[PDB]
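Commentary on secondary and tertiary structure
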Amino acid sequence: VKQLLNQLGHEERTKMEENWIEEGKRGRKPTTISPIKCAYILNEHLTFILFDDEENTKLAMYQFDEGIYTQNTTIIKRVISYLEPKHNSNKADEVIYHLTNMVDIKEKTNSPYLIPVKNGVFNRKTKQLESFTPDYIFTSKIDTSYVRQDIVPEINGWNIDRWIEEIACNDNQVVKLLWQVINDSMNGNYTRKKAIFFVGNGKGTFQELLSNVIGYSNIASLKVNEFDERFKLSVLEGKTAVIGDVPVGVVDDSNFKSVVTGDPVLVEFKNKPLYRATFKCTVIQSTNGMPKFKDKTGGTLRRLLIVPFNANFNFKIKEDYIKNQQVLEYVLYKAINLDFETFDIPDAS
Amino acid sequence: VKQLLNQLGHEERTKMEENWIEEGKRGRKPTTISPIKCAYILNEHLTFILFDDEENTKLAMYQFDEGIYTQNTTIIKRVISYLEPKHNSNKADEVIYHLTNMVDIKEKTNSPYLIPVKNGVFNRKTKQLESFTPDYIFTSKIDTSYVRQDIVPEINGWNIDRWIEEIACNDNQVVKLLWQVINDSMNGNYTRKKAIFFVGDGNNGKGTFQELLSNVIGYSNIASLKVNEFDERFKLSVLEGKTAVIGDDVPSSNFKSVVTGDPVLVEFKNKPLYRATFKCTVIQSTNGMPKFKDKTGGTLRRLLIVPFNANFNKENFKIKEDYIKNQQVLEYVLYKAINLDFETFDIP
Amino acid sequence: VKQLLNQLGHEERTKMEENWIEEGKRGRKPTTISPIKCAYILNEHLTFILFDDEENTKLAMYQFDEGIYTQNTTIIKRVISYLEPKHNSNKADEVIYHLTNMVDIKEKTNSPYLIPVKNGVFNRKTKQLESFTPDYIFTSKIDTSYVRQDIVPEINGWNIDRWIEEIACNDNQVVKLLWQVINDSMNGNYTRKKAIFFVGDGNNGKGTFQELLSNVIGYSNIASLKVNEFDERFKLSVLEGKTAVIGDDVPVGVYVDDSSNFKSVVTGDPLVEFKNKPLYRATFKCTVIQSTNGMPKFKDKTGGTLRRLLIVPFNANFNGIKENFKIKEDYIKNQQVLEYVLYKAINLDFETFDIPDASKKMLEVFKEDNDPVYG
Amino acid sequence: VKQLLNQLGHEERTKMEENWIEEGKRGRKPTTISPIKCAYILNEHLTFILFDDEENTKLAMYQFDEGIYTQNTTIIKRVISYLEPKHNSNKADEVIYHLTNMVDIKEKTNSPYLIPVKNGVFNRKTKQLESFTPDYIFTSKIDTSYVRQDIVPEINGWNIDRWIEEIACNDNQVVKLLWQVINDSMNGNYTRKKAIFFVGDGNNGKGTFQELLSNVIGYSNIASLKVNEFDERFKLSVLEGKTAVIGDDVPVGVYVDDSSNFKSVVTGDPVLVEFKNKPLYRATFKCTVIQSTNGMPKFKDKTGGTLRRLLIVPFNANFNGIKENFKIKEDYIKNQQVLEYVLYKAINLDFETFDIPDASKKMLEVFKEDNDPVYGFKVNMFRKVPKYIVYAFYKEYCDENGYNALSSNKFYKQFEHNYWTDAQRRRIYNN
Ligand SMILES: Nc1ncnc2c1ncn2[C@@H]1O[C@H](COP(=O)(O)OP(=O)(O)NP(=O)(O)O)[C@@H](O)[C@H]1O
Ligand SMILES: Nc1ncnc2c1ncn2[C@@H]1O[C@H](COP(=O)(O)OP(=O)(O)NP(=O)(O)O)[C@@H](O)[C@H]1O
Ligand SMILES: [Mg+2]
Ligand SMILES: [Mg+2]
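These notes cover the structure that comes with them.

**Side note on helix α5 (residues 89-102) of chain B**
With 14 residues, α5 of chain B should reach 20 Å at 1.5 Å per residue; the first-to-last C-alpha distance of 20 Å fits that figure. Those residues of α5 of chain B lying buried are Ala-92, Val-95, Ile-96, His-98 and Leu-99 of chain B. Buried residues along α5 of chain B cover an arc of 160 degrees about the axis, so they all sit on one side. Buried residues along α5 of chain B sit in contact with α4 (89-102) of chain A together with α3 (35-45), β1 (48-50), β2 (59-62) and α4 (73-83) of chain B.

Here it is in structure tokens:
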């Protein structure tokens, strides 16, 4: 879109120059487009939306290349520079404010059957890949492309399914639960209100596999205990999942329950106004043994999930075996093809 | 109101343009409405108020379609942009400041006989629903609509009254007490000076009942607290603008003060302490007798026990997952609770 | 590049003056280059990049004489002043903002086979030195030059290898471990997964070894962080900008309340804080070194916790034997000694930490002490 | 430099006026020197440097009369006002920014053999006084002039040397140690890796000696930090730019649970210094620590490092009677002649390590026994095979109200030292 914005800006500047010429030499030459006019042009020729009408909400822009709306002000300002390079930070803030005033309000789509992938959006109802369109509102996506495959890729004669069964003590129910966990993890715009927890080994390598199948930038590292403090939740924007390693043998249950659910939370930015935002990223936490559960409530056991990790676990597995693109594509394909509505109960736990 | 402001826009602008024309080419074609003129137009053609003369009191705007006053700055900025798009954030702030200087001071209607809901204002004295008017001052309303009803809605052939009776072990007295509890919970301006305790052994439908009671009220109108942390500092802050507080489990002076209407000292982070009166009703659920270490007359009088026991501890998963989310059952229970009137709770 | 930027600034000012003269006198003698034009000139003639596209990411500039990209604002301001002296702080910030909007995004090259030193890049896969190029993206380089070493330097009859042997109490396994520790210390883009703990008491030379490591790495390239201070506000803010971190001292048997952050740091698992920058999440591959007496206990005791730590014995006493102060404040500061140490350590090949027998015995002793169940 | 800058500003303004005259009356006549031209003139004539290339580091200016570079923005702005009085705070900041962009970067002179003194720098290797020059980069100096002394100055019939002898209770080792302590305190780039502790109870004159040290050295050059204050937040920021740190009164028997920062400061070990809401950074402090307290506080670590770092000075003379002379601490130690003589005597004294008095060794041993119960046991116990009998719960904690171990860590006693084995031999009055 850089070429389109450059051409539009050049055309607008030439039109302004001609209009000034026909009015004669009055003052200095107008060479920069007014921020309101820039905002009009951008709203006409691009897709800018507003997630909600809350206090100091941030404008979202549809990235055509990625197909997901973003609230990153740096990318928006780069687009502004594409349209008008002479605008400094203050003028970019002004044009962003004008766009915020004009744009329409749309709610983020939370359809369980639609999951964004780097190649496109996968629909579970038809189990098909569809090209990116602005009509779907997404904030994060998986960075491993979805491809059609019929075999199990093998690197150095290593099978992913057999390895998963080895980690899972070779039981059908637990491996099905693991596949369901992958399916829930890769869904960044929909949540089942389930907080995934890892209890144990093989936990670290599986955690790294999860962090690899999703984009590293899409992954945010946070523990349950550190959700509450100020200036810590702002890192959850545009993140597909949040994975953390809570202390071994150490659990509030404030905002952790809010982010587990789709409930809005008052997120804050440093030297920026606070605003209410909704995060649907899947939460994964790792520790040895049962969490402390200071609350001791039935609803807590209702919402959270427990994944057993018991094994006898070799530096090779860490590198180039879980970071392989083919392995990530295969695991994404296998997990996304699985269809489920309720969680399973493994016989090993 | 966007059409009205747009019509007002580029019409005052034309007046300024023709004034400049008749005054000669000396203003370089002033095409931007001054912030004070924008404030004049907005005050004339809209309804802006100020809740009180407190320091840095935020201007409130009456949303004609919503029927309630809002202090949301973003909506006011959007309205100003509708009048005149060519304003910075600073210029729109100047417009807001001028309006704050101009507008009259009105106090929020805190009448216990008036309850705002999505359809309008319900008056218990007249037992009637009235359309939204700027005369009434409400900062929130119940998101569930209120309509006249004649039958009990059912989803998948499942009743609400039968479900409530099954939760209430099919006793008329406790069913009436539950209806009274809902009636008090929805009313945020009246307390009745009673703390309702749900005592049970398992689920018994108490969790899904609390979920339903949260659903019927607005999402942000409910507060979550337990007994143990009423004494702890900064925990009162969650009661700043709530209508009721409901807990889930219970693993004392401040709690007693919150139960009654006497003021309590609320403290905000990086903000001086101040005393405030809370009329929100408190509902607590737990397994067995709630923990207490100040056994005396006041605590015993203030506490009210509503036992819950059934086979729900069928787990009623279908009821909790989607049945309470249905708009029909929500509006039905809201209407049934709003029609019911009483003076005080009845002991089981 | 100062002369080049001065020449371009003078040429641009002359061109603007000529354009104003031919246009008349309307511009009233424009003499300051516009910030957008300054950004265009700097981008065309210099190498400015953006590490990654997130909120408030700082522009990086390639220092031709240093060979490492720097995000230091002051250096970029000085370069802009070279181009246009008359710009104040706000105009220079505008230039930086325009450059940030204009430049492309490239990620930092994190390959464990490349190690930057004062002379240039060093490649372990081929084991040679290459001249600095903007293609290799580095944020910090080792302050010790890499030269070919033929003989071991000696000052006042003091030999660095003999000093290492004296520190190590004459064991080949532990000297190999020390050399591997140094080699890991230079390489900040890879982790050995095992923490380094210099355990000793009194005049054991652990402080001297830490000072030697700081000198060979460079004082500015190393930051001091505590084992107990791993997770707290405004901490770890400068840790990302340094190749390695060392703990000067650790209390004996000190209890650790947050070792999960410590485990993430040592293992390489992934959050930085700043005065006016939002929190940013990144992995920590810098080696972790702590000097202490005994092995402090940990509340997260397990197989992983025990295996993630390595004990480096320091069983030499230099109080009964007359200590040479010049060893610690004079000898290890010599450039030749540091160059020889860097050459010898970087030429060594690393696969895993070679555990000495004494280290194994002390590890078993700590395992018995921390968990009485095994004992 | 005020006259030079005033003349430069006047001539520059006249030149600008002439340029405006010859270019014709275009707009308002220029009367204020542009910040860039002002910075050019200041760089050409004055001496401005930058200590390092780090983020937003502060420009340093060489004060010709003072002889030391200063980073105080007030002095720099006063100089700028001397050159251009019409510049407000923002324009002065612009001038400072331009100077920062222009000037070159030189590191601080941290040679241990050079000591900045009010008269001039002092070369310890040469034992000479060299005049101030901008080549030597210093940010602080001793507030006492260095002059050649031949005869002891006596004020009101009171001798500083006799007073020093009185403080030490007429002990040559102790007075030698005190002079060595003064010499170490004056030097800010050499540490000697020893912690000085003034131990004495009741009236002794510890505070008087500390005030004498704070008088001979610059008062602003002395930090105030007790040993127990080292490890909490923002405390190390005080140590920055200080030649020595003095703890006025450590609480008696305070529990020093954490000593890492204290040990780092005592030696030349680097440490992470943090300022209040300013970018924290790593730095090395060579300032010596001197603490005065009644009795020796005990440390948690009670290991070899804290023993070797500590030094104890005897203050046994008592003045808690008519012998007390207030003028000694109020007026006598503030005399300029006395301070000059003390500085001369201390700086001319040379040595490489502290000369430990015999009494100090005895008190060091006593503190080792008190802090570490094991060594107290070893001293008090004055056979070999029986370990249980010699253990006996530290022979009932050697009568010191201590806490014992599970007879497992007790054998660390042979670390301090039961040569190894009988098979039949392996509260009580009882060896
Ligand atoms: N091989 C050696 N021969 C002689 N002196 C040495 C040797 N190695 C080190 N030293 C000296 O011994 C001292 C050890 O340095 P230092 O930093 O005090 O050690 P440390 O082990 O950190 N002490 P501590 O903090 O109490 O555990 C210094 O004075 C060194 O110069
Ligand atoms: N040689 C001396 N002869 C007489 N008086 C002295 C002598 N040295 C110091 N003094 C006085 O004795 C007092 C010492 O007070 P100061 O040094 O502050 O406390 P301290 O003696 O170290 N401890 P404390 O008694 O607990 O306050 C002051 O009045 C000094 O002037
Ligand atoms: Mg040490
Ligand atoms: Mg005293």
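**What to know about the packing of helix α3 (residues 73-83) of chain A against α4 of chain A**
Helices that pack against each other are described as a pair by the angle of their axes relative to one another and the distance between those axes. Residue and element names in this part refer to chain A. One can describe the packing of α3 onto α4 by two numbers: an axis separation of 10 Å at closest approach and a directional angle of 100 degrees. As the angle between them shows, α3 and α4 are arranged roughly perpendicular. Counted together, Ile-76, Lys-77 and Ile-80 of α3 and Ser-89, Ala-92, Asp-93, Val-95 and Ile-96 of α4 form the full contact between these two elements. Residues belonging to the contact of α3 with α4 are distributed by class as follows: five nonpolar, one polar and two charged.

**Concerning the pattern of salt bridges**
The final tally for this structure, using the stated rule, is 58 salt bridges over all chains. A salt bridge links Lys-127 of chain B to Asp-341 of chain B, with the nearest nitrogen and oxygen atoms 3.2 Å apart. Given a relative accessible area of 31%, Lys-127 of chain B falls into the partly exposed group. A salt bridge links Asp-104 of chain C to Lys-106 of chain C, with the shortest nitrogen-to-oxygen separation between them at 2.9 Å. When its relative accessible area of 39% is taken as the criterion, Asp-104 of chain C is described as partly exposed. Within this structure, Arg-124, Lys-127 and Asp-339 of chain A form a network of salt bridges that share partners.

**Here we look at the interface of chain D and chain C**
With 36 residues of chain D at the interface, the matching set in chain C holds 40 residues. Both sides of the chain D and chain C interface together cover about 3400 Å² of buried area, and 46% of this is carbon and sulfur. Of all residues in chain D, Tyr-97, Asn-101 and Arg-282 of chain D bury the most surface against chain C, accounting for 19% of the area lost on that side. Here chain D is connected to chain C by two salt bridges. In this structure, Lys-328 of chain C and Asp-269 of chain D form a salt bridge, with 3.9 Å as the shortest nitrogen-oxygen distance. Where chain D touches chain C, the interface holds 15 residue pairs in polar contact.

**A closer look at the site of ligand 2**
Residues and elements named next belong to chain D. By nearness alone, 15 residues border ligand 2, and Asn-204, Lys-206, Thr-208, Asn-325 and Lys-329 come closest of all. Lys-206 places a polar main-chain atom, nitrogen or oxygen, 2.9 Å from an oxygen atom of ligand 2. Here an oxygen atom of ligand 2 sits 2.7 Å away from a polar atom, N or O, in the main chain of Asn-325. Contact with the protein chains hides 79% of the accessible area of ligand 2, taken as 640 Å² for the molecule alone. Counting only elements with at least two residues in the shell around ligand 2, the list comes to α7 (206-216) and α10 (326-330).

**Some points on the nonpolar core**
Residues and elements named next belong to chain C. Residues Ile-160, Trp-163 and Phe-209 are the most contacted members of the largest nonpolar core, which totals 48 residues. Contributing elements (two or more residues each) for this core: α5 (160-168), α6 (172-186), β9 (195-199), α7 (206-217), β13 (309-313), α10 (325-331) and α11 (335-347). What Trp-163 contacts, discounting residues up to four positions off in sequence, is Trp-158, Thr-208, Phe-209, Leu-212 and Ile-327.

**Structural notes on the packing of aromatic side chains**
Following the criterion strictly, the structure yields 56 aromatic pairs over all chains and no others. Ring geometry for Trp-158 of chain B against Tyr-323 of chain B: centres 5.1 Å apart, planes inclined by 25 degrees, an arrangement best described as stacked. Exposure class is identical for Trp-158 of chain B and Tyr-323 of chain B. Each is buried. Through pairs of rings, three or more aromatic residues link up here, namely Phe-197, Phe-230, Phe-262, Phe-299 and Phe-367 of chain D. The ring of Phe-343 of chain A carries the charged tip of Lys-194 of chain A above its face, separated from the ring centre by 5.8 Å. Over the ring of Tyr-321 of chain A we find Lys-316 of chain A, and its NZ or CZ is 5.3 Å from the ring centre.

**Examining the environment of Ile-155 of chain D**
All names here are of chain D. Position of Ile-155 among the secondary structure elements: in strand β7 (residues 154-155). Taking the C-alpha atoms as reference, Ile-155 lies 9.9 Å from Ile-328; in sequence the two are 173 residues apart. The contacts of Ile-155, once residues within four sequence positions are left out, are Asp-331, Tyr-332, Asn-335 and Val-338.

**Remarks on the pairing of strand β15 (residues 310-314) of chain D**
When you tally the buried positions in β15 of chain D, you get five out of five residues, the bulk of the element. Along β15 of chain D, one buried face is formed by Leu-310, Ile-312 and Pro-314 of chain D and the opposite face, lined by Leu-311 and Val-313 of chain D, is buried too.

**Points about the site of ligand 1**
Taken together, 18 residues lie around ligand 1, and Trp-163, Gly-202, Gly-207 and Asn-324 of chain C together with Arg-309 of chain D are the ones closest in. Within the backbone of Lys-206 of chain C, an N or O atom sits 3.4 Å from an oxygen atom of ligand 1. For ligand 1, an oxygen atom lies 3.0 Å from a polar atom in the backbone of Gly-207 of chain C. Isolated, ligand 1 exposes 650 Å² of accessible area, and the fraction of that covered by the protein chains is 94%.

So, how was this worked out
Sequence order sets the numbers: each chain starts from 1, possibly unlike the entry numbering, and residues with no coordinates are not included. All chains are assigned letters beginning at A, and all ligands numbers beginning at 1, according to the order in which they are written. Because the shown chains make up only part of a larger assembly, each value pertains to the shown part and nothing beyond it. As a convention, hydrogens and water are excluded, and side-chain values are obtained from all of the structure's heavy atoms. Residues with missing side-chain atoms are left out of burial classes, side-chain pairs and their counts. Here a strand is any run of E in DSSP of at least two residues, a helix any run of H or I of at least four, and the numbering for each starts at the N terminus. The span expected for a helix works out to 1.5 Å for each residue beyond the first. Burial classes follow relative accessibility: with a 1.4 Å probe on protein chains only, a residue under 20% of its type's maximum area counts as buried, one over 50% as exposed, and anything between as partly exposed. Of all possible arcs, the one meant is that of the directions from the helix axis to the C-beta atoms. Residue contacts follow a heavy-atom distance rule, with two residues in contact if any of their heavy atoms lie within 4.5 Å. To obtain an axis, a line is fitted to C-alpha atoms, over the contacting stretch when the element is a helix, and the angle between two such axes runs from 0 to 180 degrees between their N-to-C directions. Roughly parallel refers to an angle under 35 degrees, roughly antiparallel to one over 145, roughly perpendicular to one between 65 and 115, and oblique to any angle outside these ranges. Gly counts as polar in this scheme, as do all residues outside two lists: the nonpolar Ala, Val, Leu, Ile, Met, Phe, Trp, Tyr, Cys and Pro, and the charged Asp, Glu, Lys and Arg. By definition here, a salt bridge exists when the distance from a side-chain nitrogen of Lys or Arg to a carboxyl oxygen of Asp or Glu is within 4 Å. Note on definitions: buried area is the accessible-area loss of two parts on being combined, 1.4 Å probe, summed for both. Polar contact is defined as a pair of N or O atoms within 3.5 Å, subject to the rule that within protein one atom must be able to donate a hydrogen and the other to accept it, and that residues adjacent in sequence are counted only when both atoms are side-chain atoms. In these notes, residues near a molecule or strand are those with any non-hydrogen atom within 4 Å of it. Using the Shrake-Rupley algorithm and a 1.4 Å probe, accessible areas are obtained, with residue cover drawn only from the displayed protein chains. In this text, buried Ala, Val, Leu, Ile, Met, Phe, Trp, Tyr and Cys residues form a nonpolar core when linked through side-chain atoms within 4.5 Å. Any two rings among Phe, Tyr and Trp, with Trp reduced to its six-membered ring, count as a pair given centres within 6.5 Å; such a pair is stacked if its planes are under 30 degrees apart, edge-to-face if over 60, and tilted if neither. The rule for a charge over a ring is simple: NZ of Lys or CZ of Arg within 6 Å of the ring centre, and within 35 degrees of the ring normal.

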